[PDB]
Amino acid sequence: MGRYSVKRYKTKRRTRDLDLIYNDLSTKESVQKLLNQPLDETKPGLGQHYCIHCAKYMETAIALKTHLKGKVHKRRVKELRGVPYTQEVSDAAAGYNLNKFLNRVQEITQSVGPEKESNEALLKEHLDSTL
Amino acid sequence: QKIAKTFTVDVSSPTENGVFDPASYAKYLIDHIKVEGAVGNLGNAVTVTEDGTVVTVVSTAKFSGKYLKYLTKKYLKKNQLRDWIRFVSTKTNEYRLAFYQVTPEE
Amino acid sequence: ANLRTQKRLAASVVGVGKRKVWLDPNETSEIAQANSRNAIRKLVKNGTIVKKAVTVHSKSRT
Amino acid sequence: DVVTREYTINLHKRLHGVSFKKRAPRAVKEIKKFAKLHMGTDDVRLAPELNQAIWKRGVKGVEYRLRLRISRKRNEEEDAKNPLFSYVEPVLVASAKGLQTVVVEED
Amino acid sequence: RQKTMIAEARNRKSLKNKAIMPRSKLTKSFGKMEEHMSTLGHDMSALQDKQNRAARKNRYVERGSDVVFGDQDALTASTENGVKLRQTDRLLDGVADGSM
Amino acid sequence: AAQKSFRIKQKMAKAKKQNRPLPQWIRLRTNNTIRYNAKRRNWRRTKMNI
RNA sequence: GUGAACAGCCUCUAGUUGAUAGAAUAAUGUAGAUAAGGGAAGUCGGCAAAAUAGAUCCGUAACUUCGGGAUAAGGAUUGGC
RNA sequence: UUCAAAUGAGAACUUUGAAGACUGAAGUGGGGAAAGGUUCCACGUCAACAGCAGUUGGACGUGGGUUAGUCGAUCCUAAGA
Ligand SMILES: [Mg+2]
Ligand SMILES: [Mg+2]
Ligand SMILES: [Mg+2]
Ligand SMILES: [Mg+2]
Ligand SMILES: [Mg+2]
Ligand SMILES: [Mg+2]
Ligand SMILES: [Mg+2]
Ligand SMILES: [Mg+2]
Ligand SMILES: [Mg+2]
Ligand SMILES: [Mg+2]
Ligand SMILES: [Zn+2]
């Protein structure tokens, strides 16, 4: 309603969703594809210097490094720590598709979660080495 | 350094008018005087005694008449006597409890 | 009754502002008799006129 | 008829939508109208301590509810046109909510 | 009772705009003293005796001025310009009698 | 001005002494046609112009 | 006190509380605001508003009287403990 | 801006008290220079004036009040006369 919220979260100024970013980080192939992008003229930094967590392009590697050293990036990293909150959570909290939601939570805790954590560890150490 | 200081309070006017208890006042001082930041730490430092008219505090470790007045006003407030009884200094380190000015009813 | 002069004289005698002087609203006739600084001093001595304390500006938060 | 009662006044719905500089003065006028309604007395006198309670949070911070003690007493002066008047006092309580009208015994 | 005491203290105090008057400069009444001490549950025998002594000490004894001048007033013609005895009156000093 | 000249103060003294209504006994004289002071001055109405 | 600050905002000493009032809350005004989707299609003309703004760091073109242009432009950030 | 009392024929506007606010030390504070000339202060007091009111007033009526070897003028010279 207020002008600040309206002009920041207007639909035409929307940002990528956290479950989508979680899926981007879960698989190694997505990580490598987002790390190594073709030279695009219309992205900042020619499509390079892309932070996957924030889904954000930086103009330069020094800009990406100063961004990684920041409370904003750490806030996003903390947000991407848990279950990505699909519609299945709301359905289960209503008491509907409970077995489906529980199976999804079990899969996150067993397979998809630790693989995402290992990919994030490898990505962070690669960024430390190259920056 | 740690010279013994003596402070005395005269409670005779409220005691004789029957609105004060010197023993309770002394017990409140014993239980609430702080030494190095804690209550109940009066070991061989502060001694509080009374005989029904005069309450005597003997201290060797960080005590002042301003602190004594502060504690007395707290006790009077707790007993709802703060609106009627005040703590006055007569000579240096001797004090008394005195009523405020009251007009006769007529 | 008009006690404007007595209020001004009380402020001058006590040495504070006019904002700091209390005239007893029950003793209006006695205060109205007092046309000199000497009578004002007598009223201050017996308590018909009282000096108020300063409004507190604490520095605990500072 | 000399009488004393305790009432609760809902100032919230009486001050709904009033300009901020006028809220507490309108509260004074509303309480006078309330006492007139409950006691039939056009002469209503508010205690200065009640006025303090109204104005306690400034010009626009009037409480939603107030507990009043209203006394209908006799006018002793011969010059007055009304033989009865109402004196409104504040009742300082833990909360002004959930209290009903009561008759205060006179001794 | 604690909530009521908070409410009464809030209605009493106005410390942001001015300081509270000093009790040592104020004076109060024995009726309020008696009712408050009775609420506290003390015995009011000694205080009542002190008040009885004070009331007996404050006696009213009339004098000759009370007999003579008590209901009278004036005893001097009120001036038309509020002047003292030897103060000139520029406007009226030339007209001796009140009819003129 | 606070620091004024003696000539100015002398004129001010004359003006002060002239500032008055009629004496009442002037009205009571035979054939009196003077009924008010038609040259009365006030500090906020007509300036003296030195 | 905040803060670079005789800024703005709040407070102590001191000083005021003056300026016709009361009740209602139609239109039209004067002063101030917010608005989905679009984004100058409005208009003689982006008039008016909006957007920008402090500080720290990265970085900064043509042209030039070599002194400038420059806070060019463009980016990262900012609480509390 | 509000409440009670007092005064008064009469009080939104006078006085005291009770409150709520404001100037916020580049003041709505405390003094002066030019100018004014009694406006200062007390007592009395409301016809007219204070674009409402008035018991109040810088209004109306009658008085009181300005004390210097050391503060100034006075003396010196300036542009000039
Ligand atoms: Mg509205
Ligand atoms: Mg829009
Ligand atoms: Mg066009
Ligand atoms: Mg067109
Ligand atoms: Mg340029
Ligand atoms: Mg302010
Ligand atoms: Mg302001
Ligand atoms: Mg005057
Ligand atoms: Mg008029
Ligand atoms: Mg005069
Ligand atoms: Zn990031």
Side-chain angles (χ1 to χ4, degrees), chain B residues 7 9-28 32 50-55 65-106, chain E residues 1-67 69-71:
Chain B
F7 313 81
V9 190
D10 196 3
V11 307
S12 65
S13 178
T15 301
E16 293 176 349
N17 281 277
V19 297
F20 199 83
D21 195 6
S24 313
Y25 173 68
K27 185 192 176 70
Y28 183 93
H32 290 86
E50 54 93 15
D51 62 283
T53 189
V54 164
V55 183
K66 218 165 284 268
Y67 186 30
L68 180 59
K69 180 167 194 182
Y70 168 82
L71 292 177
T72 303
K73 287 198 281 182
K74 289 195 64 64
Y75 176 85
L76 292 166
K77 181 69 173 173
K78 179 189 272 292
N79 296 37
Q80 302 209 355
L81 306 168
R82 176 69 173 92
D83 298 355
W84 304 92
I85 300 172
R86 77 155 170 174
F87 180 100
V88 209
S89 185
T90 84
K91 216 178 180 176
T92 301
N93 293 338
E94 61 187 62
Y95 310 96
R96 65 177 205 277
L97 292 178
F99 286 101
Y100 291 111
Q101 303 180 314
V102 178
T103 56
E105 204 280 338
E106 183 67 32
Chain E
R1 182 51 76 100
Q2 278 165 345
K3 297 311 190 85
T4 292
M5 286 187 290
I6 295 178
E8 292 162 332
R10 285 204 183 113
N11 198 231
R12 202 188 306 120
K13 288 140 55 181
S14 163
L15 283 165
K16 198 179 164 292
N17 283 339
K18 60 170 195 299
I20 303 164
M21 295 274 298
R23 296 167 175 94
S24 70
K25 298 304 189 290
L26 291 182
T27 170
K28 291 199 281 298
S29 62
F30 187 82
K32 298 314 185 72
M33 183 175 204
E34 184 261 9
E35 72 167 8
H36 183 82
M37 296 302 174
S38 187
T39 284
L40 290 179
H42 308 290
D43 186 25
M44 298 88 65
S45 179
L47 288 172
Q48 185 64 257
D49 181 32
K50 300 277 176 305
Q51 184 269 339
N52 289 334
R53 162 147 66 259
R56 187 173 68 257
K57 187 164 173 59
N58 297 2
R59 283 286 90 169
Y60 175 58
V61 178
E62 281 170 350
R63 290 186 300 278
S65 63
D66 295 320
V67 172
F69 299 91
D71 57 325

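Sequence lines set the chain letters: A, B, ... in the order given, protein chains first and strands last, and positions in each chain run from 1.
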When E:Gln51, E:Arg23, E:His42 are compared by non-hydrogen pairs under 4.5 Å with chain B, the top option
E:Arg23

Is it the backbone or the side chain of [X] that comes under 4.5 Å from a heavy atom of chain B, or both, or neither?
| X | answer |
| --- | --- |
| E:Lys57 | neither |
| E:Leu47 | both |
| E:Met33 | both |

Contact check, side chains of [X] and [Y], non-hydrogen atoms, under 4.5 Å:
| X | Y | result |
| --- | --- | --- |
| B:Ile85 | B:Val19 | yes |
| B:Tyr95 | B:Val55 | no |
| B:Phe99 | E:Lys28 | no |

Which value, rounded to the nearest 0.5 Å, describes the distance between E:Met37 atom CE and E:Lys32 atom NZ?
13.5 Å

Verify whether one side chain among B:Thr90 and B:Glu94 offers a donor that lies under 3.5 Å from an acceptor in the other.
yes

If I measure from the heavy atoms of chain E, does B:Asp83 come under 4.5 Å with its side chain, its backbone, both, or neither?
both

